[PDB]
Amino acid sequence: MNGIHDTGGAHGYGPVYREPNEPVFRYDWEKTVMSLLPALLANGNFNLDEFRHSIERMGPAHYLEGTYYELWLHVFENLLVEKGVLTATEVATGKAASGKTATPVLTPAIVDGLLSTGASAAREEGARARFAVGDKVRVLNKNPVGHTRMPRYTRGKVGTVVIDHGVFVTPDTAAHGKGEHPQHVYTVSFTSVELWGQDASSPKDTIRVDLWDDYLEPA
C-alpha cells in the first residue's frame, strides 16, 4: 500500500526531536493500550500482519497527528470490528451486547512464558531460494493496494544479496487470509547513489533492506 506510513526518503518531517530522560510510558492510558496487544494476539483475534495493515489503512492525517499508541487504539477499535470480534455499536458505546462470552487466553500464569517465548515467523519449509549471497538483484516494481513490505524507495532499484536469512511467512498473503506462503528473506544492500541519485548521496553509505524472494528478480 503506497500510504503515508511508507516514510523512507520523504522530506519535510523536520528535526529528530528527542525527549530527555523519556519514560517507557509517558501517559497512564498508554500502559493499557500497549498491554492490550499481546492479550488480543494471544486470543488469535488477528495476526500481526493484519495489525500492521490496519494501521496502514487509517486516514493519513490521523496517522500523522496521532501519537504512537493512538495508532494501536485505532486498530483495536476497527480491526476487531472487521474481524467480527466486536460490533460497531459495542465499540461506540463501550458496552458489551451480551455479557462474558469469551475467556481471555492471556492469563497471569502464562504471561512470563509467553513474553519470553514470542512467536517466530521462521518456517521449516517454503519456496526454494532463487538467490545466493553476492547475487545482484532488482526489486520488482509492484504497487499493491494491500499489505507489502517492499518500501517504495527500493522499487526498481538494484542491490546485492548480502544475507539469506532462511524461510519466513509472507506478510503480503498472511495479512489478507491467503495463507503463509513461506519463502526466503534476504538482506539486500543498496548504495546511496543507487537509491537517491548522484547529488543526494554520499559515496560511502549503504542501505540494507530485508526483502522476500518473490519481491526480486535477477539484475
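The first residue of the shown sequence is 1; numbering continues from there.
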Next item on the list: Tell me which of 33 to 41 and 57 to 65 has the higher mean C-alpha B-factor in the deposited entry.
Entry: 57 to 65
Note to self: Please compare 5 to 13 with 191 to 199 and name the stretch with the higher mean C-alpha B-factor in the deposited structure.
What the structure shows: 191 to 199
Notebook entry, point to check: So among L115, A129, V75, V139, who wins on Cα B-factor in the entry?
Noted result: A129
Checklist line | Third of chain Cα B-factors occupied by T148 | finding: lowest
Note to self: Could you place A121 in the lowest, middle or highest third of its chain by Cα temperature factor, using the values in the record?
What the structure shows: middle
Next item on the list: Consider only the C-alpha atoms of the modelled residues in this chain, order them by B-factor as the entry records it, and name the third containing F168: lowest, middle or highest.
Entry: lowest
Next item on the list: State the tercile, meaning the lowest, middle or highest third, of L79 with respect to the CA B-factors recorded for its chain.
Entry: lowest
Note to self: Where does the C-alpha B-factor of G156 rank in its chain, lowest, middle or highest third?
What the structure shows: middle
